[PDB]
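What the coordinates show
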Amino acid sequence: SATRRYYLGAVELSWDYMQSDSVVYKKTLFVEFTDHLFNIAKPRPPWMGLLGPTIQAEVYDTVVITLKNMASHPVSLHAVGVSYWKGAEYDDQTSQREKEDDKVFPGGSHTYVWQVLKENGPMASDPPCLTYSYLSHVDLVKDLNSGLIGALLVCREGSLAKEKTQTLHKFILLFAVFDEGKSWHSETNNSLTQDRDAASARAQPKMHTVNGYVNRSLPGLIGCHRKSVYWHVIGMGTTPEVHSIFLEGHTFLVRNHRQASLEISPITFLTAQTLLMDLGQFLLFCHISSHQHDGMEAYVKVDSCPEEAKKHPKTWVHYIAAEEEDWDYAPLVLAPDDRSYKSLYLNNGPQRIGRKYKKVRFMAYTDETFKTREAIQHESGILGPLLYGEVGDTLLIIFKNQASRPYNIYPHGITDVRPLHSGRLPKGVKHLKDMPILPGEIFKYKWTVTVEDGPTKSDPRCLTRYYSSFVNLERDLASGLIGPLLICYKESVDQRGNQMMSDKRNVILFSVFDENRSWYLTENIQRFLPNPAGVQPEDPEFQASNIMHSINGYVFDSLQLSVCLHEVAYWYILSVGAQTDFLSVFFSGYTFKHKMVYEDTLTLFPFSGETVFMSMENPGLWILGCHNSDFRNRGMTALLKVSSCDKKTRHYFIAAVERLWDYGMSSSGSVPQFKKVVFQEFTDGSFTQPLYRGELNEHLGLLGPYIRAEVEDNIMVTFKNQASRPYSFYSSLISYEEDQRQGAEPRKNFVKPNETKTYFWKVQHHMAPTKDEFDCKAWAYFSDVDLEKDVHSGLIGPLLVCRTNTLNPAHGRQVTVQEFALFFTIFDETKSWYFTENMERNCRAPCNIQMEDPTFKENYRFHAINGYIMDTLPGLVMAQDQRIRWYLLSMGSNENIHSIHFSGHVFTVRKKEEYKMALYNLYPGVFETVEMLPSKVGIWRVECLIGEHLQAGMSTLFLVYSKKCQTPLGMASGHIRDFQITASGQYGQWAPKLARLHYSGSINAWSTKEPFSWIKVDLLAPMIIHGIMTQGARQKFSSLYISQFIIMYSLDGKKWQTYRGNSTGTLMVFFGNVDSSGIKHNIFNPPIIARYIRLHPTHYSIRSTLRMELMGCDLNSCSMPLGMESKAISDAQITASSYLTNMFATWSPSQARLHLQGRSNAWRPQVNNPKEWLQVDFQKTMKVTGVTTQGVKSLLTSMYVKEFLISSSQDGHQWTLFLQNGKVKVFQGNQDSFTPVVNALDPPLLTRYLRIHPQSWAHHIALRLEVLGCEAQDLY
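Residues numbered from 1 in each chain as written, not as in the entry; some residues may be left out. Heavy atoms only, no water.

- This deposited entry lists cryo-EM as its structure determination method and 3.17 Å as its resolution.

As structure tokens, then:
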């Protein structure tokens, strides 16, 4: 274990972005220093720029970061991906010492210790170094937008030394979107802002930047020739805004996958690897057009450095020509609907052109003179002839510009384009991509595929690329110059062109052809419109009619993809259009194999493309489209008509009961109660009595019941709508085999109010997790009547499909792993099905009801986790050292990208191989199952780090408790005072005060006479109650067994919850022994967390007499034993002043084990004096909650220390006698030799050594002690 010590410091510096180091924007950044004196800063490479110093560590390493705060605003240091103990200021219930790390005030410092453990180490199938980051978590939004961020690297064991020899040449890239408006250092005009507008200063424009440098001013990026340079990418977006980072002529490698671009969602860490096999000053630019206008571009100045079954290249002769054609977007559609949105698109008027437009389409030809067209199918539509090619293949693209405008041909994946025989390119034309081929010219191209652009072994068989004209980046695509390119792997495409066993080669283009930018715009205006003078350039309606959201160039289900049944086929999806945001492309009830993982949502970034692989077996007609509500409404749909290519019943009952749901504002002027519809499980088919939700299912919240089923476990879900609107039940897994009866009619569910419908399907392998995945895979079910509105209303629930023999048969769920499903989304109640009723009931006059007002929409917007806003989601309890399987999922609009983070925790993602991650980025429709191992006990916060998403409140608290803190809570010991105990009634003799365990006389618990007599005990603070003792009891010759009570608990004394736990019934019957004496100590599994417990006896054997004792530990679960009876500490650590070690009866300190008998059963010093001690070592700074001294009975004589002391020391020399308020606290040791006496330290002592001084004893000093406490940080 090598300790690596850094000295960080947050300093305010006048950053200047563009100008290598625009306007001088004040920024606060982490700056490393040489020593703790904080005088000299370590030199920084120029390419780092506005980025915190890199912190590197290996497995089993430890870092001691001393963070000073020289700024004028509070700063913390919250590392990600490493283990540490209590830098986040949230509710965790910890003392002042453990809250200092959460926030650091200016002029102060704190020594964080992010010890790296084996769980943080990369797996075998992972890159040698993993990319993480650290930041300031005081405010998140303002901190990130103020530049406070660094980098963190967790490499393999000893891998730093090897990296020194074979330098992997790692680059640290920060794709920051720093916005000066929402930063810690935003314009100070807010002070005395009257008559001095803050918007005059350009409204603090956001700066799309790379490492703090904008518009190609990165002065340090220098690669090496033939060098596999590694990249470490960190995204910094407070707002949910994406980026697409491209490298000129270079393709990245992430997870052994050929990423043509970097999908940089707001907060993302990834490790890339680009094999630099070329010289020149390349460009690292953002390709999405709205960000292409921005300045997120950089220089990659690669330089030379000193040195230390087709299988042949085949030519591809093609004759592509640009032809002017009148394209009909929706030719086979019916009349436009009244004056709806369809009439905006497919209708003709003074401001509307209609469905026909003048464009240019890439047309194939069978000759070099371009005088004979080929056969173009209706499926392709606007797409040109298909282009392909294995690695190392030449593509003779003979291109003729038959159209009246200069157009050319150029691929996007292939980086080697040769102009056939060496010819002189005209002046000003450096490459073949910007060649303006004049009309009639037949200039040719040759595309040689290289390994650097071909698919890898881990990648799918073919790659989804495209070819298009590049004379103008926007208008050429807007005019219909698009075509597919298939860079396939070797031994998969023959010399003819068709793929080896090309069953159904289907290409779909989810792209938007903005007809406002078509080259033939004025021609369309003066041809297809009656009076061209009526056209206004700035008319929003005229512009709106131009835009045509189309699939393959078809709008409003004009494209009918006739796919065969029982047939295996591929789908190369291409989102290359005017869209500036990702598309949640989905197939109706069709999971597709993507990244070696089955899923029913493919996220495609602009100018990208991902191939998928699905086997068609579900009959019936389906609607392929995008999850985006608006895009599907504008016409981004297609009929995936799949007809027959003619050559353990786990029953569930779900109802959409419309219940008044609040977002937890009651616990977080009246509480705004919103009416929402939610799935709900019901016991019987009449939907009268529902399944009550126990403590283990309390975390579900707004979600529906767990629809759990194993492989080949045919689910049967009966759904009856208890609502006002006709909702439905539909999950992506439902195999509608009943659609085979007729074949073509669209599926209808539309379950009317007070109507019932049955869904029955068999779970198949493709929806089950694979061998390399976890035990249970997550899905979702919702309503397909209106996906967006139904989800916004609250109809959503997880459908877990697990592997064989994973769910426990008795409980119906996997018990060995604590399953936990989460759902992140934004809930704008202005867009709910019940919005009118909710708004009337929640906001009455003088409310200013304005659906267009942004602040009004904010109030109805709720960034919630499972329906709860401010860390309110209850029911998150996990046992330490126990496997957990979180099912993270999210669904919604395009602003629904979240960065799930478990504070002080990391999780493995067995997606394709066993990968390791610490910040998962979820996309709408993506249902990913992860597994985590809880290390430290306490309260940690699950949160999304996406700026205002967390600021508005998207976060929750989960509790990790130790299953070893079962200490008595103080009932019988007298720690629980009598005034805290109250009851309602009593017996003739027994009283509520006299309820202590093993009390004097016949009194041993509480007893009562009148029925329905509850008794409650106020613990004055929430505690994890692990159970209540139940042994034999009696009184006045009345032998009585357990009284069969039911427990109610509450955190405030009002919200009384009945406990069921593992019980399927609404309550758990706490029975036990039967005569008078059997020991049936009740167990709370899962434990009860409440400030108030209450006992309600139901059975009345004799009168009510029982036997009880509260057993539980506190919130921090620090009552666990450090280990004395378990021999956790070695004999060498236990030293004594003297001992009476003998032959038969050794009296050495090594025999001080708790509850050990025999001749050698305890420790007895040679001299019985008050100055003796029993110093024990921990080898680590350990928190000591208390000391439980005990006596012993050596043969016949009974000896015990009646009173002892404590003397702590961090090294064994600085002994400190324990003192309570200045007077030595001499704990009461023992009263007999057979019963331990607990003596809690107040406050608990963190120390490496402590001494037990036996001030008083009986006969000979005897000490069978046992220390209590939990592990803590060292004092580095």
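This is not the end of the story, as more comes after the structure.
1. A few points about the sheet that holds strand β26 (residues 444–448)
- Read across the sheet, five strands follow the order β21-β20-β23-β26-β25 without closing on themselves; strand pairing throughout is mixed. Whereas interior strands pair on both sides, the edge strands pair on one side only; in this sheet they are β21 (356–365) and β25 (417–418). (Pairing = 2+ DSSP bridges. Helix = DSSP H or I, 4+ residues; strand = E, 2+ residues; numbered from the N terminus.)

2. Things to note about the sheet that holds strand β8 (residues 129–132)
- Taken in spatial order, the three strands of this open sheet run β4-β10-β8, and their pairing is mixed. Of all strands in the sheet, those with a lone pairing partner are β4 (54–57) and β8, marking the two edges. Within this sheet the neighbouring strands show an average axis-to-axis angle of 20°, counted without direction.
- When β8 meets strand β10 (residues 151–155), the two strands line up antiparallel, connected through four bridges. Note on β10: the bridge partner recorded for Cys 129 is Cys 155. (Axes fitted to C-alpha atoms, helices over the stretch in contact; angles between N-to-C directions.)

3. Digging into empty space enclosed by the protein
- Of the volumes computed, that of the largest cavity is approximately 100 Å³.
- What lines the largest cavity is a set of 13 residues, and nearest its centre among them are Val 597, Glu 773, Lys 777, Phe 927 and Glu 928.
- Put simply, the parts of the chain that give the lining of the largest cavity at least two residues each are β35 (597–599) and β56 (926–929).
- Residues of the lining of the largest cavity, tallied by class, amount to six nonpolar, one polar and six charged.
- Domain assignment of the residues forming the lining of the largest cavity places at least three in each of domain 2 (318–643) and domain 3 (651–961).
- In this structure, the second largest cavity is lined by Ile 1015, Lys 1016, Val 1017, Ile 1028, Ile 1047, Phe 1084, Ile 1093, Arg 1094, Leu 1095, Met 1108 and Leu 1110.
- Elements with a minimum of two residues in the lining of the second largest cavity: β61 (1015–1028) and β66 (1082–1097).
- Residues of the lining of the second largest cavity, tallied by class, amount to nine nonpolar, no polar and two charged. (1 Å grid on protein atoms, 1.4 Å probe; cavity = no way out; pocket = protein on both sides within 12 Å on 5 of 7 lines; lining within 4 Å. Points joined across faces, edges and corners; volume = space filled by probe spheres on them. Nonpolar A, V, L, I, M, F, W, Y, C, P; charged D, E, K, R; others polar. Domains from an automatic or database assignment.)

4. Here we look at the UniProt feature "disulfide bond" in the chain
- Inspection of the UniProt-annotated bridge between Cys 462 and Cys 488 gives a sulfur distance of 2.0 Å, within the under-2.5 Å criterion for a formed disulfide. Separated by 26 residues along the polypeptide, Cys 462 in strand β27 (residues 462–468) and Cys 488 in strand β28 (residues 482–488) bring together distant segments of the chain.
- With an S-S distance of 2.0 Å, the disulfide that UniProt assigns to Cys 1118 and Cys 1270 is formed in this structure. Taken together, the positions of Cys 1118 in the loop between β67 (1110–1113) and β68 (1176–1189) and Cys 1270 in strand β77 (residues 1267–1271) put the pair 152 residues apart, joining distant regions of the chain. (Disulfide = S-S within 2.5 Å. UniProt positions renumbered as here; feature names shortened; annotations may be inferred.)

5. Some words on the state of the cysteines
- Within this structure, the stated rule accounts for eight disulfides.
- Here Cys 564 pairs with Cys 645 through a disulfide, and the sulfurs are 2.0 Å apart. Here the residue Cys 564 occupies a position in strand β31 (residues 563–564), and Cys 645 occupies one in the loop between β39 (637–643) and β40 (651–661), the gap between them amounting to 81 residues. As far as the burial class goes, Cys 564 and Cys 645 line up, both buried.
- The residue that forms a disulfide with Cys 1118 is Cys 1270, at a sulfur-sulfur distance of 2.0 Å. (Buried < 20%, exposed > 50% of the residue type's maximum accessible area, 1.4 Å probe, protein only.)

6. Things to note about unusual backbone geometry
- Residue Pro 1086 follows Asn 1085 across a cis peptide bond; omega there is 5°.
- The topology assignment puts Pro 1086 in strand β66.
- One non-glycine residue, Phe 687, adopts positive backbone phi at about 55°.
- The exposure class of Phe 687 is buried, given its relative accessible area of 5%.

7. Notes on the pattern of salt bridges
- In this structure the tally under the stated criterion is 44 salt bridges.
- The salt bridge involving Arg 496 is made with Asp 494; its shortest N-O contact spans 3.1 Å.
- Across the pair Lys 1180 and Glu 1271 runs a salt bridge, and its minimum N-O distance is 3.3 Å. One end of the pair, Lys 1180, is in strand β68; the other, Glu 1271, is in strand β77, with 91 residues separating them in the sequence.
- For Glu 1271, a relative accessible area of 34% puts it in the partly exposed group.
- Three or more residues joined by partner-sharing salt bridges are found here, namely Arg 708, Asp 775, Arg 803, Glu 819, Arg 885 and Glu 931. (Salt bridge = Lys/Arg side-chain N within 4 Å of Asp/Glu carboxyl O.)

8. Overview of the domain arrangement of the chain
- Domain boundaries assigned for the chain yield domain 1 (3–186 + 203–302), domain 2 (318–643), domain 3 (651–961), domain 4 (981–1113) and domain 5 (1149–1271).
- With 11 residues of domain 3 in contact, the opposing surface of domain 4 contributes 14 residues.
- In total, about 1,100 Å² of surface goes out of reach between domain 3 and domain 4, with carbon and sulfur atoms giving 60% of it.
- Looking only at domain 3, the three residues that lose the most surface to domain 4 are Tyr 692, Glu 695 and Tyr 961, adding up to 56% of its buried area.
- Split by residue class, the side of domain 3 that touches domain 4 holds six nonpolar, two polar and three charged. (Contact = heavy atoms within 4.5 Å. Buried area = accessible area lost by both parts, 1.4 Å probe.)

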